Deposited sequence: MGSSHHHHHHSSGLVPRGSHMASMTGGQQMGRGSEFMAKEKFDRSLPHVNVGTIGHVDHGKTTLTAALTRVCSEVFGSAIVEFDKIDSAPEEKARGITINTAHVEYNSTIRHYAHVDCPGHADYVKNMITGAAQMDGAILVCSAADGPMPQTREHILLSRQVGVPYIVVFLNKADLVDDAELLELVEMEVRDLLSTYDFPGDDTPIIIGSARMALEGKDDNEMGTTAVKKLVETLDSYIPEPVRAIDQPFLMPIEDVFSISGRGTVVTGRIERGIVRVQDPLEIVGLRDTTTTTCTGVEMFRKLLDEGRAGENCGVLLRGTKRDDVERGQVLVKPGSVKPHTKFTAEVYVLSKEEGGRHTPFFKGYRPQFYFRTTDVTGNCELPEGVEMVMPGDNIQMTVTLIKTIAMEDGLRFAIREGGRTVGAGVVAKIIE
């Protein structure tokens, strides 16, 4: 019955990510607890005194790109592993960038392989490089907790000079205090993506869907957002399988009974929300992973002016893609940032995920990085 927090290890190949993952389970055991698109992930769990951690680790760079953009769980925090012996390397940079793009709110650093460094100046040098890297992508580099140690010593139950077990312990306690309790879906502002719309003989409207987050109750005031100008409405009932109720909750499939809505003020793909909670937008920055030929996507490389369908929750909307300055094409299996302009408005926030399709043939997965307009 402990608070659930999603974490993971990021950084360059060979810097110690998988080892630190194993050390974390061992150390938490000894000091606290117990123990289409193809994506290789390893999953692990450990408890501190106050939290249950669900921890993801991926083999290679390509896995991190796909998982962070379209992976099963969104990290509430990421542990950046950087080798103190080697200093930062290309995927040290790119994984911080990708964390920014994907909306990972916090990053903690473990400077690994301290057993290999007998040189205070080198540790200082590498720490400064990493703080700078973090600040380059708007993480608070100067205030980032950086723990120095040896994941491998910890994994082997060694703790000479507190480099091993103690350091991984300090890491977990940093997780405890630096990453806030995430807000559960049930406690966020109400949102349901609309699927079907049925007029109750002109006396009201049922809009159906699966509540994505929050709670809706009889008498609640609501807005209908996207595709056309926002309208207001009032909930007068909730239809569930077999039952008419006064309430519906995140996770539940229902029909929300509405009054004050005009037949065609409401359609599929709009979102029913707590008033003032989400706004409609058309233009945004996005990190996109373009599917592989093998993954059932495209074999063709596309160019500037590409106009695919963007799928957001329960509908799709045509959009124009602008590549970054210096790029003319994008091959299958690439991941790039691009600026997108939709033909119609749609409810959206930073961190919202979407699919890209051509004629019902999935070609990309993306996340909204930054809303423009």
Report task. Point out each run of deposited residues with no C-alpha coordinates, keeping the order of the sequence. Result -> 1-44, 80-95
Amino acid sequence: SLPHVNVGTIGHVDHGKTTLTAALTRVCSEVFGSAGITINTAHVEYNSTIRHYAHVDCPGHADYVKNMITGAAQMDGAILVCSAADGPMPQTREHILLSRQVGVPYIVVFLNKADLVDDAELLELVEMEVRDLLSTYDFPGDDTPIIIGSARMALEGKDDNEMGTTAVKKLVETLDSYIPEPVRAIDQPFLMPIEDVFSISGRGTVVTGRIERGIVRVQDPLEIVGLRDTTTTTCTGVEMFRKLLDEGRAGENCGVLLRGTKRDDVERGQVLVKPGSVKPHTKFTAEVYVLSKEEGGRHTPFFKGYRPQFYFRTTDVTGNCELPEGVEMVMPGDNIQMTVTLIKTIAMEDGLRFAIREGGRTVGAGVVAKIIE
From here on, numbers count along this sequence of modelled residues.
Query raised in the report: Averaged over C-alpha atoms, is the B-factor higher for 71-79 or for 184-192 in this PDB entry?
Result: 71-79
**Report entry** Of 289-297 and 156-164, the stretch whose C-alpha atoms average the higher B-factor in the entry
**Finding:** 289-297
Query raised in the report: Between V126, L134, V238, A120, which one tops the list for C-alpha B-factor in the PDB entry?
Result: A120
Report summary line: Quick tally, chain-level thirds of C-alpha B-factors: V266 sits in the highest
Requested in this report: Select lowest, middle or highest to describe the third in which the CA B-factor of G351 falls within its chain in this entry.
Outcome: lowest
Report task. Taking the chain's C-alpha temperature factors as the reference, tell me which third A369 falls into: lowest, middle or highest. Result -> middle
Requested in this report: Compare the C-alpha B factor of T25 with those of the other modelled residues in its chain, then answer lowest, middle or highest third.
Outcome: middle
Query raised in the report: Taking the C-alpha B-factors as the PDB entry records them, is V5 in the lowest, middle or highest third of its chain?
Result: middle
